[PDB]
Amino acid sequence: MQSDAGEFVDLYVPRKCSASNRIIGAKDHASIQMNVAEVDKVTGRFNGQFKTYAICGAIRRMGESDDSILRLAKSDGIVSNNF
Amino acid sequence: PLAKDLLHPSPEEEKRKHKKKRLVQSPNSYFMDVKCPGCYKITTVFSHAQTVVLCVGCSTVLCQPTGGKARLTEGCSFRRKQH
Amino acid sequence: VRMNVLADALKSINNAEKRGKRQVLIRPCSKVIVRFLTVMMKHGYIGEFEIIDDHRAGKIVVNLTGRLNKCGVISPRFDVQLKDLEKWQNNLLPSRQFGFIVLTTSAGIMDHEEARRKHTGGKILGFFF
Amino acid sequence: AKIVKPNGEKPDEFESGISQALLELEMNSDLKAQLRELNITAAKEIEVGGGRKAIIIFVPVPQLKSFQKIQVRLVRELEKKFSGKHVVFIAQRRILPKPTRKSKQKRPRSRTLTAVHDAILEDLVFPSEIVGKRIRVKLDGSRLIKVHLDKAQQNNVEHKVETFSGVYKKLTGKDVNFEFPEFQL
Amino acid sequence: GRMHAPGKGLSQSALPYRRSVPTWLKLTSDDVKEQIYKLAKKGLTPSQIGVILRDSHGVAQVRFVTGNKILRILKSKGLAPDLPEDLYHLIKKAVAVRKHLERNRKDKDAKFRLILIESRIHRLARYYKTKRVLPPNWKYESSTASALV
RNA sequence: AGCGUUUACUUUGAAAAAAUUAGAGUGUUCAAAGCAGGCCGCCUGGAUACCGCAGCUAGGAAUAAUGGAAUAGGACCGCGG
């Protein structure tokens, strides 16, 4: 969103749903952002980092936010690939 | 379900689907080697025959035509032919 | 009966996108559909696609991204002259910045940008933006 | 020699050697009556990936069916002769150019590019027949074909996958992967 | 949907991918051609020859066992009947309905169904006229339609 | 110099009265207009585009019609003629 000069000119950049690739508007109060914790390989304890996921309002009320979060977690390697 | 592997369906799902509504349509029918209780010669019979298949020399009659699959007479072993 | 095949192909993509599917099944594939979808892909509105090949009209499984708003056909296929591309893409496309009109020229099937580039008219098939 | 070429030209000492290896095999093997009227057209030698090669032999279309009858028993004998080089038999089909406006009968649709390319891919993988095809159109615009073969003759054919892909690439210029699927038979 | 009905029936054949003839079948092109000749000369339509083969002898499809379609085998040999075996069956039905209707005069339903069958005869007859299977003079007329069996 | 399944489509070229319209030049004192003018005899303009459809002409061959061998009276190649 830049002019011929190359100054980024629009006032902000809206987050995009991690599942459907829709953009989460200013007055979309049914959207989420869920931080899933990271485990240290050997100890089994919380590191202090996490894999954050944003999801659109339409996806949630459709009822695919569950299976969407599941696929994103399974792709990031949080959930086992056998499952 | 939003994400479904349309290219690689598991056999049970596309074994269930209507024979035309599969990805590559295939018949639910087959040919079967079927023999009489007395004689040694075998006869090739279609799954959904729709004629009366007489044992060669009309020694007896093998199948009977119905709505769907052809009813093979009692006391006739069969082995479905595969390629 | 099925009189326009590209019309139903693009409507089935459009419903699949709106509904929020990751991929879609197009039934009766053709050169014009595959040549439409390669133009879409080349700008990056759809991902890859795989044309399933029975001994009939094939089938296409298209990997949808969520960066396509509308893909629509124009029937009948009007004879768009070069001096008419502007007044077509003025009322069909959303802005002068994004969106494309694919039209079947002598060169092949391509968007209004390349038809202007090669100095060619043709016939409008559809649009995607 | 048993190598009649469609043009009245002379067989390169290469394919003469192959058609004279067929003279030797005819005069010796149980296959003597079969390799009598059966002829060869040509034999090319192509270098596939890794460090291997394949000898690709051209049969007249009508005689292919009679060659298919004996091929596995013959391929065995010619592979035990030619040390570490695969051999595959292909019926030679004429490919007539699409009639344009600049410029004769109705070009028979058996003699068209799509038809002969499907015929070439059928004649390559002889014993293990085709059950499925899928053309993965990659993101750049390039295509990759994926041929699903018959699962019976897996271990009979699965060692010639890289060879088949390399030969078909040389003939047509089309990228092929070879799968054995698991959800039909 | 059906031509002359409100039904939307989905019930027909589903050919397999593999056009190759299976290994168990020992009947060659000439053996089934001798069989087709014998069945047609007995007095039997291309349809009934096809079912007889696949039921009893185990011939998946004749176009794969042979290289021809049953009628192209029969019309090459000169055993093909003149007026086709679907036009034949439509005329045969139309005569059967009219013979019923000549007796049972108040059968308003048989009158309506006869009109539908005849609309189908005309519509298929003109297809065969354009494709030069019939003469341009060929007529379906209920006066002397029974002359055609 | 000739020949080369037809047709729509598309791009090019030709042929297309001025006036009006769009439009380049120019201080009618400005402007509507006008085709004039400008420099110490000389120097200069009076352009250019637009003109559907039908007809003419030359490239392109995607799209949509249409034709070729199936009683073989088929194409080609040669010999009797």
# chains A, B, ... in the order shown; residues from 1 in each chain; ligands from 1
$ residues_around --residues "residue 53 in chain D" --least-positions-apart "5" --cutoff "8 Å" --atoms "only C-alpha atoms (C1' of nucleotides)" --output "PyMOL selection string"
chain D and resi 45-48+84-86+163
$ closest_atom_pairs --of "chain C" --to "chain B" --cutoff "12 Å" --atoms "only C-alpha atoms" --output "JSON lines"
{"residue": "C:16", "atom": "CA", "partner": "B:2", "partner_atom": "CA", "distance": 9.4}
{"residue": "C:17", "atom": "CA", "partner": "B:2", "partner_atom": "CA", "distance": 10.3}
{"residue": "C:18", "atom": "CA", "partner": "B:2", "partner_atom": "CA", "distance": 11.4}
{"residue": "C:19", "atom": "CA", "partner": "B:2", "partner_atom": "CA", "distance": 8.3}
{"residue": "C:20", "atom": "CA", "partner": "B:2", "partner_atom": "CA", "distance": 6.5}
{"residue": "C:21", "atom": "CA", "partner": "B:2", "partner_atom": "CA", "distance": 4.6}
{"residue": "C:22", "atom": "CA", "partner": "B:3", "partner_atom": "CA", "distance": 5.3}
{"residue": "C:23", "atom": "CA", "partner": "B:3", "partner_atom": "CA", "distance": 7.2}
{"residue": "C:24", "atom": "CA", "partner": "B:6", "partner_atom": "CA", "distance": 7.6}
{"residue": "C:25", "atom": "CA", "partner": "B:6", "partner_atom": "CA", "distance": 7.4}
{"residue": "C:26", "atom": "CA", "partner": "B:23", "partner_atom": "CA", "distance": 11.0}
{"residue": "C:27", "atom": "CA", "partner": "B:23", "partner_atom": "CA", "distance": 9.5}
{"residue": "C:49", "atom": "CA", "partner": "B:7", "partner_atom": "CA", "distance": 10.0}
{"residue": "C:50", "atom": "CA", "partner": "B:7", "partner_atom": "CA", "distance": 8.2}
{"residue": "C:51", "atom": "CA", "partner": "B:7", "partner_atom": "CA", "distance": 9.9}
{"residue": "C:52", "atom": "CA", "partner": "B:23", "partner_atom": "CA", "distance": 7.9}
{"residue": "C:53", "atom": "CA", "partner": "B:24", "partner_atom": "CA", "distance": 8.0}
{"residue": "C:54", "atom": "CA", "partner": "B:24", "partner_atom": "CA", "distance": 5.9}
{"residue": "C:55", "atom": "CA", "partner": "B:24", "partner_atom": "CA", "distance": 9.1}
{"residue": "C:56", "atom": "CA", "partner": "B:24", "partner_atom": "CA", "distance": 9.8}
{"residue": "C:57", "atom": "CA", "partner": "B:24", "partner_atom": "CA", "distance": 11.0}
{"residue": "C:58", "atom": "CA", "partner": "B:24", "partner_atom": "CA", "distance": 9.1}
{"residue": "C:59", "atom": "CA", "partner": "B:23", "partner_atom": "CA", "distance": 7.9}
{"residue": "C:60", "atom": "CA", "partner": "B:7", "partner_atom": "CA", "distance": 9.4}
{"residue": "C:61", "atom": "CA", "partner": "B:7", "partner_atom": "CA", "distance": 6.8}
{"residue": "C:62", "atom": "CA", "partner": "B:6", "partner_atom": "CA", "distance": 9.5}
{"residue": "C:63", "atom": "CA", "partner": "B:6", "partner_atom": "CA", "distance": 9.9}
{"residue": "C:64", "atom": "CA", "partner": "B:3", "partner_atom": "CA", "distance": 10.4}
{"residue": "C:65", "atom": "CA", "partner": "B:3", "partner_atom": "CA", "distance": 11.6}
$ write_last_selection --atoms "C-alpha atoms" --output "PDB file, in the first residue's frame"
ATOM      1  CA  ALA C  16     -16.396 -22.932  -2.880  1.00  0.00           C
ATOM      2  CA  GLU C  17     -14.353 -19.710  -2.167  1.00  0.00           C
ATOM      3  CA  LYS C  18     -17.321 -17.905  -0.432  1.00  0.00           C
ATOM      4  CA  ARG C  19     -18.094 -21.068   1.662  1.00  0.00           C
ATOM      5  CA  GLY C  20     -14.368 -21.129   2.710  1.00  0.00           C
ATOM      6  CA  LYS C  21     -13.188 -24.460   1.144  1.00  0.00           C
ATOM      7  CA  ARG C  22      -9.406 -25.116   0.621  1.00  0.00           C
ATOM      8  CA  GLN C  23      -9.997 -26.916  -2.759  1.00  0.00           C
ATOM      9  CA  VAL C  24     -12.940 -27.577  -5.193  1.00  0.00           C
ATOM     10  CA  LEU C  25     -13.944 -30.181  -7.890  1.00  0.00           C
ATOM     11  CA  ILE C  26     -14.710 -28.887 -11.467  1.00  0.00           C
ATOM     12  CA  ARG C  27     -16.555 -31.674 -13.424  1.00  0.00           C
ATOM     13  CA  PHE C  49      -4.542 -27.694  -9.853  1.00  0.00           C
ATOM     14  CA  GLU C  50      -4.544 -31.367 -11.047  1.00  0.00           C
ATOM     15  CA  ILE C  51      -6.735 -32.401 -14.074  1.00  0.00           C
ATOM     16  CA  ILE C  52      -8.005 -35.987 -13.269  1.00  0.00           C
ATOM     17  CA  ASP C  53      -8.041 -37.914 -16.608  1.00  0.00           C
ATOM     18  CA  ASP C  54     -10.775 -40.580 -17.194  1.00  0.00           C
ATOM     19  CA  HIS C  55     -11.653 -41.669 -20.828  1.00  0.00           C
ATOM     20  CA  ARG C  56     -14.330 -38.850 -20.989  1.00  0.00           C
ATOM     21  CA  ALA C  57     -14.371 -35.091 -20.229  1.00  0.00           C
ATOM     22  CA  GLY C  58     -11.793 -34.880 -17.357  1.00  0.00           C
ATOM     23  CA  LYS C  59     -12.204 -33.399 -13.820  1.00  0.00           C
ATOM     24  CA  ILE C  60     -10.097 -30.596 -12.155  1.00  0.00           C
ATOM     25  CA  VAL C  61      -9.253 -30.318  -8.392  1.00  0.00           C
ATOM     26  CA  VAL C  62      -8.147 -26.632  -7.867  1.00  0.00           C
ATOM     27  CA  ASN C  63      -6.148 -25.637  -4.700  1.00  0.00           C
ATOM     28  CA  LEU C  64      -8.020 -22.439  -3.585  1.00  0.00           C
ATOM     29  CA  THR C  65      -6.217 -19.656  -1.664  1.00  0.00           C
TER      30      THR C  65
END
$ closest_atom_pairs --of "chain B" --to "chain D" --cutoff "12 Å" --atoms "only C-alpha atoms" --output "Markdown table"
| residue | atom | partner | partner_atom | distance |
| --- | --- | --- | --- | --- |
| B:7 | CA | D:134 | CA | 9.5 |
| B:8 | CA | D:183 | CA | 9.8 |
| B:9 | CA | D:183 | CA | 9.1 |
| B:10 | CA | D:183 | CA | 7.2 |
| B:11 | CA | D:183 | CA | 5.2 |
| B:12 | CA | D:183 | CA | 8.8 |
| B:13 | CA | D:183 | CA | 10.7 |
| B:14 | CA | D:183 | CA | 9.5 |
| B:15 | CA | D:184 | CA | 9.2 |
| B:23 | CA | D:132 | CA | 10.7 |
| B:24 | CA | D:132 | CA | 8.4 |
| B:25 | CA | D:132 | CA | 11.4 |
| B:26 | CA | D:184 | CA | 10.1 |
| B:27 | CA | D:184 | CA | 12.0 |
| B:28 | CA | D:184 | CA | 12.0 |
| B:82 | CA | D:185 | CA | 9.1 |
| B:83 | CA | D:185 | CA | 8.9 |
$ write_last_selection --atoms "N, CA and C atoms" --output "compact mmCIF listing (two decimals), in the first residue's frame"
# COMPACT_ATOMS: atom_id res chain seq x y z
N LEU B 7 -8.38 -35.12 -3.96
CA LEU B 7 -7.52 -35.90 -4.89
C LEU B 7 -7.33 -37.34 -4.37
N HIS B 8 -7.11 -37.51 -3.06
CA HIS B 8 -6.78 -38.81 -2.41
C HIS B 8 -7.86 -39.17 -1.38
N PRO B 9 -9.07 -39.59 -1.81
CA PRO B 9 -10.05 -40.17 -0.89
C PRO B 9 -9.67 -41.61 -0.51
N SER B 10 -9.88 -41.97 0.76
CA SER B 10 -9.64 -43.34 1.30
C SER B 10 -10.65 -44.31 0.69
N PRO B 11 -10.29 -45.60 0.47
CA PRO B 11 -11.11 -46.52 -0.31
C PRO B 11 -12.58 -46.65 0.14
N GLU B 12 -12.84 -46.62 1.45
CA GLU B 12 -14.18 -46.84 2.06
C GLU B 12 -15.17 -45.77 1.58
N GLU B 13 -14.73 -44.51 1.49
CA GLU B 13 -15.57 -43.34 1.11
C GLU B 13 -16.00 -43.46 -0.36
N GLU B 14 -15.06 -43.78 -1.26
CA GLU B 14 -15.32 -43.89 -2.73
C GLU B 14 -15.72 -45.32 -3.11
N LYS B 15 -15.72 -46.27 -2.17
CA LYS B 15 -16.42 -47.58 -2.32
C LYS B 15 -17.91 -47.37 -2.01
N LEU B 23 -14.50 -40.47 -8.32
CA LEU B 23 -13.54 -39.54 -8.98
C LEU B 23 -13.30 -40.02 -10.41
N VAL B 24 -12.94 -41.30 -10.57
CA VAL B 24 -12.97 -42.05 -11.86
C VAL B 24 -14.05 -43.13 -11.72
N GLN B 25 -15.17 -42.97 -12.43
CA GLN B 25 -16.34 -43.89 -12.35
C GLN B 25 -15.88 -45.31 -12.69
N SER B 26 -16.38 -46.31 -11.96
CA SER B 26 -16.07 -47.75 -12.14
C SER B 26 -17.31 -48.58 -11.80
N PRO B 27 -17.55 -49.72 -12.50
CA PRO B 27 -18.74 -50.52 -12.25
C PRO B 27 -18.66 -51.26 -10.90
N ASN B 28 -19.82 -51.47 -10.27
CA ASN B 28 -19.98 -52.25 -9.01
C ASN B 28 -20.11 -53.74 -9.33
N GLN B 82 -11.01 -61.83 -11.70
CA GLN B 82 -10.35 -60.52 -11.45
C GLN B 82 -9.25 -60.29 -12.50
N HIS B 83 -9.01 -59.02 -12.86
CA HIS B 83 -7.91 -58.58 -13.76
C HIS B 83 -7.20 -57.36 -13.15
$ select_by_dssp --residues "chain B" --states "strand (DSSP E or B)" --output "number ranges by chain"
B: 31-35, 42-46, 54, 61, 63-64, 71-72, 78-81
$ write_last_selection --atoms "N, CA and C atoms" --output "short mmCIF file (atom, residue, chain, number, x, y, z; two decimals), in the first residue's frame"
data_model
loop_
_atom_site.label_atom_id
_atom_site.label_comp_id
_atom_site.auth_asym_id
_atom_site.auth_seq_id
_atom_site.Cartn_x
_atom_site.Cartn_y
_atom_site.Cartn_z
N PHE B 31 -17.44 -60.41 -13.28
CA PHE B 31 -17.64 -61.76 -13.88
C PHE B 31 -17.18 -62.82 -12.88
N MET B 32 -17.86 -63.97 -12.84
CA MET B 32 -17.57 -65.07 -11.88
C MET B 32 -17.57 -66.42 -12.60
N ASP B 33 -16.46 -67.16 -12.46
CA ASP B 33 -16.35 -68.61 -12.80
C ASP B 33 -17.28 -69.38 -11.87
N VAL B 34 -18.31 -70.04 -12.42
CA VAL B 34 -19.35 -70.78 -11.65
C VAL B 34 -19.51 -72.17 -12.28
N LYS B 35 -19.61 -73.21 -11.44
CA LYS B 35 -19.67 -74.64 -11.84
C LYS B 35 -20.91 -75.30 -11.24
N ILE B 42 -16.60 -75.25 -16.30
CA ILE B 42 -17.04 -74.00 -15.60
C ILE B 42 -17.62 -73.04 -16.65
N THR B 43 -18.51 -72.14 -16.22
CA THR B 43 -19.17 -71.11 -17.06
C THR B 43 -18.87 -69.72 -16.49
N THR B 44 -18.51 -68.77 -17.36
CA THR B 44 -18.40 -67.33 -17.03
C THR B 44 -19.81 -66.72 -17.00
N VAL B 45 -20.20 -66.11 -15.88
CA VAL B 45 -21.54 -65.48 -15.68
C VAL B 45 -21.32 -64.04 -15.19
N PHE B 46 -22.09 -63.09 -15.73
CA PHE B 46 -22.08 -61.67 -15.31
C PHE B 46 -22.86 -61.53 -14.00
N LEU B 54 -28.02 -71.28 -19.20
CA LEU B 54 -28.16 -72.77 -19.18
C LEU B 54 -26.76 -73.39 -19.19
N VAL B 61 -29.71 -75.29 -15.26
CA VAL B 61 -29.70 -73.80 -15.40
C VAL B 61 -28.96 -73.22 -14.19
N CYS B 63 -28.01 -69.50 -13.33
CA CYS B 63 -28.51 -68.23 -12.72
C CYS B 63 -30.02 -68.08 -12.93
N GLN B 64 -30.59 -67.04 -12.31
CA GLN B 64 -31.98 -66.55 -12.53
C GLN B 64 -31.95 -65.02 -12.49
N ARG B 71 -29.50 -64.22 -9.23
CA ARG B 71 -29.51 -65.28 -8.19
C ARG B 71 -28.98 -66.58 -8.80
N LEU B 72 -27.81 -67.04 -8.35
CA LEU B 72 -27.24 -68.37 -8.71
C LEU B 72 -27.98 -69.45 -7.92
N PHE B 78 -18.93 -70.81 -6.90
CA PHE B 78 -18.47 -69.75 -7.83
C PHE B 78 -17.22 -69.06 -7.27
N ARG B 79 -16.36 -68.57 -8.17
CA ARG B 79 -15.07 -67.89 -7.87
C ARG B 79 -14.97 -66.66 -8.78
N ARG B 80 -15.17 -65.45 -8.24
CA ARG B 80 -15.29 -64.20 -9.03
C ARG B 80 -13.95 -63.92 -9.73
N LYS B 81 -13.99 -63.69 -11.05
CA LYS B 81 -12.80 -63.49 -11.91
C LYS B 81 -12.33 -62.03 -11.77
#
$ select_by_dssp --residues "range 12-112 of chain E" --states "alpha helix (DSSP H)" --output "PyMOL selection string"
chain E and resi 29-43+46-52+62-65+70-77+87-103+108-112
$ closest_atom_pairs --of "chain D" --to "chain F" --cutoff "8 Å" --atoms "only C-alpha atoms (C1' of nucleotides)" --output "JSON lines"
{"residue": "D:102", "atom": "CA", "partner": "F:4", "partner_atom": "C1'", "distance": 7.0}
{"residue": "D:103", "atom": "CA", "partner": "F:4", "partner_atom": "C1'", "distance": 6.2}
{"residue": "D:104", "atom": "CA", "partner": "F:75", "partner_atom": "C1'", "distance": 6.7}
{"residue": "D:105", "atom": "CA", "partner": "F:68", "partner_atom": "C1'", "distance": 5.9}
{"residue": "D:106", "atom": "CA", "partner": "F:68", "partner_atom": "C1'", "distance": 5.3}
$ residues_around --residues "range 98-105 of chain E" --least-positions-apart "6" --cutoff "9 Å" --atoms "only C-alpha atoms (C1' of nucleotides)" --output "list in words"
residues 111, 114 and 142 of chain E
$ write_last_selection --atoms "C-alpha atoms" --output "PDB file, in the first residue's frame"
ATOM      1  CA  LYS E 111     -54.774 -40.881 -26.887  1.00  0.00           C
ATOM      2  CA  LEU E 114     -49.937 -42.078 -28.503  1.00  0.00           C
ATOM      3  CA  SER E 142     -50.519 -44.369 -39.143  1.00  0.00           C
TER       4      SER E 142
END
$ residues_around --residues "range 143-148 of chain E" --least-positions-apart "6" --cutoff "8 Å" --atoms "only C-alpha atoms (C1' of nucleotides)" --output "PyMOL selection string"
chain E and resi 88+91+95
$ interface_residues --of "chain E" --to "chain B" --cutoff "7 Å" --atoms "only C-alpha atoms" --output "short mmCIF file (atom, residue, chain, number, x, y, z; two decimals) with N, CA and C atoms, in the first residue's frame"
data_model
loop_
_atom_site.label_atom_id
_atom_site.label_comp_id
_atom_site.auth_asym_id
_atom_site.auth_seq_id
_atom_site.Cartn_x
_atom_site.Cartn_y
_atom_site.Cartn_z
N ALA E 14 -21.78 -47.86 -16.24
CA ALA E 14 -20.53 -47.18 -15.82
C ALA E 14 -19.33 -48.03 -16.27
N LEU E 15 -18.81 -47.75 -17.47
CA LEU E 15 -17.63 -48.44 -18.07
C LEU E 15 -16.43 -48.25 -17.15
N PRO E 16 -15.52 -49.26 -17.02
CA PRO E 16 -14.31 -49.10 -16.22
C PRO E 16 -13.27 -48.28 -16.99
N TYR E 17 -12.23 -47.81 -16.30
CA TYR E 17 -11.10 -47.04 -16.89
C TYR E 17 -10.40 -47.93 -17.93
N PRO E 22 -9.51 -58.56 -20.48
CA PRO E 22 -8.89 -59.37 -19.43
C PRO E 22 -8.28 -60.68 -19.95
N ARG E 54 -22.20 -60.94 -23.08
CA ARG E 54 -21.65 -60.56 -21.75
C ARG E 54 -22.21 -61.48 -20.65
N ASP E 55 -23.45 -61.96 -20.79
CA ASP E 55 -24.11 -62.85 -19.80
C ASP E 55 -23.47 -64.24 -19.84
N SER E 56 -23.49 -64.88 -21.01
CA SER E 56 -23.18 -66.33 -21.20
C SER E 56 -21.69 -66.55 -21.46
N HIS E 57 -21.11 -65.84 -22.44
CA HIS E 57 -19.74 -66.06 -22.96
C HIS E 57 -18.70 -65.27 -22.15
N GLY E 58 -19.10 -64.13 -21.57
CA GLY E 58 -18.24 -63.30 -20.69
C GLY E 58 -17.40 -62.32 -21.49
#
$ residues_around --residues "residue 5 in chain D" --least-positions-apart "4" --cutoff "12 Å" --atoms "only C-alpha atoms (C1' of nucleotides)" --output "VMD selection string"
chain D and resid 1 9 to 12 15 to 16 19 39 to 43 58 to 60 92
$ write_last_selection --atoms "N, CA and C atoms" --output "PDB file, in the first residue's frame"
ATOM      1  N   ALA D   1      19.491 -59.158 -43.266  1.00  0.00           N
ATOM      2  CA  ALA D   1      19.123 -58.700 -41.884  1.00  0.00           C
ATOM      3  C   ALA D   1      17.598 -58.592 -41.751  1.00  0.00           C
ATOM      4  N   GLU D   9      17.213 -46.714 -46.680  1.00  0.00           N
ATOM      5  CA  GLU D   9      18.541 -46.339 -46.118  1.00  0.00           C
ATOM      6  C   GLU D   9      19.054 -47.529 -45.296  1.00  0.00           C
ATOM      7  N   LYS D  10      20.283 -47.440 -44.775  1.00  0.00           N
ATOM      8  CA  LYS D  10      21.064 -48.605 -44.277  1.00  0.00           C
ATOM      9  C   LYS D  10      21.187 -48.561 -42.756  1.00  0.00           C
ATOM     10  N   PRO D  11      21.060 -49.722 -42.064  1.00  0.00           N
ATOM     11  CA  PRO D  11      21.037 -49.751 -40.603  1.00  0.00           C
ATOM     12  C   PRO D  11      22.434 -49.461 -40.038  1.00  0.00           C
ATOM     13  N   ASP D  12      22.533 -48.473 -39.142  1.00  0.00           N
ATOM     14  CA  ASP D  12      23.783 -48.140 -38.406  1.00  0.00           C
ATOM     15  C   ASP D  12      24.235 -49.402 -37.662  1.00  0.00           C
ATOM     16  N   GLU D  15      22.102 -50.794 -34.532  1.00  0.00           N
ATOM     17  CA  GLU D  15      20.773 -51.471 -34.587  1.00  0.00           C
ATOM     18  C   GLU D  15      20.839 -52.704 -35.498  1.00  0.00           C
ATOM     19  N   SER D  16      21.812 -52.760 -36.416  1.00  0.00           N
ATOM     20  CA  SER D  16      22.171 -53.985 -37.181  1.00  0.00           C
ATOM     21  C   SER D  16      22.576 -55.079 -36.186  1.00  0.00           C
ATOM     22  N   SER D  19      19.411 -56.339 -34.477  1.00  0.00           N
ATOM     23  CA  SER D  19      18.633 -57.165 -35.441  1.00  0.00           C
ATOM     24  C   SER D  19      19.410 -58.437 -35.813  1.00  0.00           C
ATOM     25  N   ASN D  39       9.710 -58.272 -37.814  1.00  0.00           N
ATOM     26  CA  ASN D  39      10.833 -57.377 -38.202  1.00  0.00           C
ATOM     27  C   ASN D  39      10.971 -56.249 -37.174  1.00  0.00           C
ATOM     28  N   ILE D  40      12.116 -55.561 -37.199  1.00  0.00           N
ATOM     29  CA  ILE D  40      12.413 -54.330 -36.407  1.00  0.00           C
ATOM     30  C   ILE D  40      12.579 -53.167 -37.392  1.00  0.00           C
ATOM     31  N   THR D  41      12.203 -51.957 -36.970  1.00  0.00           N
ATOM     32  CA  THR D  41      12.273 -50.709 -37.774  1.00  0.00           C
ATOM     33  C   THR D  41      13.599 -50.002 -37.476  1.00  0.00           C
ATOM     34  N   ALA D  42      13.855 -49.691 -36.202  1.00  0.00           N
ATOM     35  CA  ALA D  42      15.064 -48.980 -35.720  1.00  0.00           C
ATOM     36  C   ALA D  42      15.296 -49.277 -34.234  1.00  0.00           C
ATOM     37  N   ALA D  43      16.490 -48.944 -33.730  1.00  0.00           N
ATOM     38  CA  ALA D  43      16.873 -49.042 -32.301  1.00  0.00           C
ATOM     39  C   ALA D  43      17.796 -47.874 -31.931  1.00  0.00           C
ATOM     40  N   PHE D  58      12.021 -49.995 -32.216  1.00  0.00           N
ATOM     41  CA  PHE D  58      10.831 -49.533 -32.978  1.00  0.00           C
ATOM     42  C   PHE D  58      10.275 -50.695 -33.809  1.00  0.00           C
ATOM     43  N   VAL D  59       9.001 -51.033 -33.579  1.00  0.00           N
ATOM     44  CA  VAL D  59       8.261 -52.170 -34.205  1.00  0.00           C
ATOM     45  C   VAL D  59       7.196 -51.586 -35.134  1.00  0.00           C
ATOM     46  N   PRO D  60       6.906 -52.203 -36.307  1.00  0.00           N
ATOM     47  CA  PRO D  60       5.718 -51.847 -37.089  1.00  0.00           C
ATOM     48  C   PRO D  60       4.413 -52.087 -36.311  1.00  0.00           C
ATOM     49  N   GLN D  92       6.052 -47.969 -33.889  1.00  0.00           N
ATOM     50  CA  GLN D  92       6.330 -46.672 -34.562  1.00  0.00           C
ATOM     51  C   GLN D  92       5.049 -46.179 -35.245  1.00  0.00           C
TER      52      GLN D  92
END
$ residues_around --residues "residue 49 in chain D" --least-positions-apart "3" --cutoff "12 Å" --atoms "only C-alpha atoms (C1' of nucleotides)" --output "number ranges by chain"
D: 46, 52-54, 160-167, 169-170
$ write_last_selection --atoms "N, CA and C atoms" --output "mmCIF file, in the first residue's frame"
data_model
loop_
_atom_site.group_PDB
_atom_site.id
_atom_site.type_symbol
_atom_site.label_atom_id
_atom_site.label_comp_id
_atom_site.auth_asym_id
_atom_site.auth_seq_id
_atom_site.Cartn_x
_atom_site.Cartn_y
_atom_site.Cartn_z
ATOM 1 N N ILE D 46 19.745 -44.235 -25.536
ATOM 2 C CA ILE D 46 19.588 -42.948 -24.793
ATOM 3 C C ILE D 46 20.124 -43.123 -23.367
ATOM 4 N N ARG D 52 23.079 -44.817 -16.129
ATOM 5 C CA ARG D 52 22.472 -45.965 -16.855
ATOM 6 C C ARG D 52 22.000 -45.512 -18.240
ATOM 7 N N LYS D 53 21.646 -46.481 -19.091
ATOM 8 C CA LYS D 53 21.206 -46.276 -20.498
ATOM 9 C C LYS D 53 20.074 -47.256 -20.826
ATOM 10 N N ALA D 54 19.280 -46.943 -21.856
ATOM 11 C CA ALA D 54 18.168 -47.781 -22.363
ATOM 12 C C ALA D 54 18.212 -47.844 -23.893
ATOM 13 N N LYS D 160 12.212 -50.182 -13.341
ATOM 14 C CA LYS D 160 12.359 -49.481 -14.652
ATOM 15 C C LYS D 160 11.681 -48.098 -14.629
ATOM 16 N N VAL D 161 11.314 -47.575 -13.450
ATOM 17 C CA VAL D 161 10.555 -46.293 -13.294
ATOM 18 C C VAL D 161 11.385 -45.134 -13.864
ATOM 19 N N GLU D 162 12.634 -44.985 -13.408
ATOM 20 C CA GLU D 162 13.555 -43.877 -13.795
ATOM 21 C C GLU D 162 13.892 -43.986 -15.288
ATOM 22 N N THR D 163 14.017 -45.216 -15.795
ATOM 23 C CA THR D 163 14.288 -45.544 -17.221
ATOM 24 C C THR D 163 13.102 -45.100 -18.087
ATOM 25 N N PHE D 164 11.881 -45.510 -17.717
ATOM 26 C CA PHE D 164 10.612 -45.187 -18.424
ATOM 27 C C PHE D 164 10.436 -43.667 -18.530
ATOM 28 N N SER D 165 10.636 -42.951 -17.417
ATOM 29 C CA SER D 165 10.530 -41.470 -17.316
ATOM 30 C C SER D 165 11.567 -40.802 -18.229
ATOM 31 N N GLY D 166 12.794 -41.340 -18.263
ATOM 32 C CA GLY D 166 13.913 -40.839 -19.086
ATOM 33 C C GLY D 166 13.689 -41.063 -20.574
ATOM 34 N N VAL D 167 13.129 -42.218 -20.953
ATOM 35 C CA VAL D 167 12.844 -42.596 -22.372
ATOM 36 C C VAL D 167 11.696 -41.723 -22.900
ATOM 37 N N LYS D 169 10.570 -38.917 -21.834
ATOM 38 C CA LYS D 169 11.110 -37.531 -21.890
ATOM 39 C C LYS D 169 11.838 -37.315 -23.224
ATOM 40 N N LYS D 170 12.660 -38.279 -23.653
ATOM 41 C CA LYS D 170 13.475 -38.179 -24.896
ATOM 42 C C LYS D 170 12.557 -38.182 -26.127
#
$ atom_distance --atom1 "CA of residue 124 in chain C" --atom2 "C1' of residue 10 in chain F"
12.3 Å
$ atom_distance --atom1 "CA of residue 1 in chain A" --atom2 "CA of residue 30 in chain A"
26.7 Å
